[PDB]
Amino acid sequence: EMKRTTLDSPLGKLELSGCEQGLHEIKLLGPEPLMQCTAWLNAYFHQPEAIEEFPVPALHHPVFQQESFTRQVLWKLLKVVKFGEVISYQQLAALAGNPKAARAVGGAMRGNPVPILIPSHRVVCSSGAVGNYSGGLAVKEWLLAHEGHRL
DNA sequence: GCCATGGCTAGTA
DNA sequence: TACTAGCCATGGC
């Protein structure tokens, strides 16, 4: 049974949907998974220094159920890339499987139903360029700046 | 299944 | 820089 909850943040009211089974989707407005998520974020923003101490919630969304490239990607990304780090679309294609399929990672990230958590903002253009971003480019930038990046 | 698309890239003039 | 032509896993239809 899908449940939703809002929470203030530097990015604006973040609304987290999800049931007892796992986190469904982190959306930006401007049960056990929610209690962990609403703590992981509240941590990430206001106490990034220690984000490893917090539990990554169970992800329920229909994207994590059916096996695909997308799933491998989102996974192969959440695992590999951590706070302050960054990985190129191609560097992430190589990880999930097809090193040529960097482009399809775009929509993968576009489609990512759990931004921040699953760091989509850490995926940038190969040219070093920050790249575009689903919830509006300003965010991707504020986040990386947040994660100690120079701009 | 066929085809348009988009958050990619390396190359080229 | 500006622009182009492979490469690719999706989502409509």
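Every residue number used here counts from 1 along the chain in the order it is shown.
Cβ atoms here come from the backbone N, Cα and C positions, even for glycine.
If you look up Swiss-Prot, you'll see A:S9 marked as phosphoserine. Within its own chain, A:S9 (phosphoserine) has A:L41, A:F45 as residues 6 or more apart in sequence whose C-beta sits under 8 angstroms from its own.
Marked as DNA binding site by Swiss-Prot: A:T70, A:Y89, A:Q90, A:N98, A:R103, A:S126. In the three-state DSSP scheme, A:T70 (DNA binding site) falls into the helix class. For A:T70 (DNA binding site), applying a Cβ distance below 8 Å and a minimum sequence separation of six or more within one chain yields A:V63, A:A108, A:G111.
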Deposited-model gap closure distance - 20 residues unmodelled, Cα of A:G30 to Cα of A:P31, Å: 24
Long-range Cβ environment of A:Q90 (DNA binding site), under 8 Å and at least 6 residues apart: A:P99, A:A102, A:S126
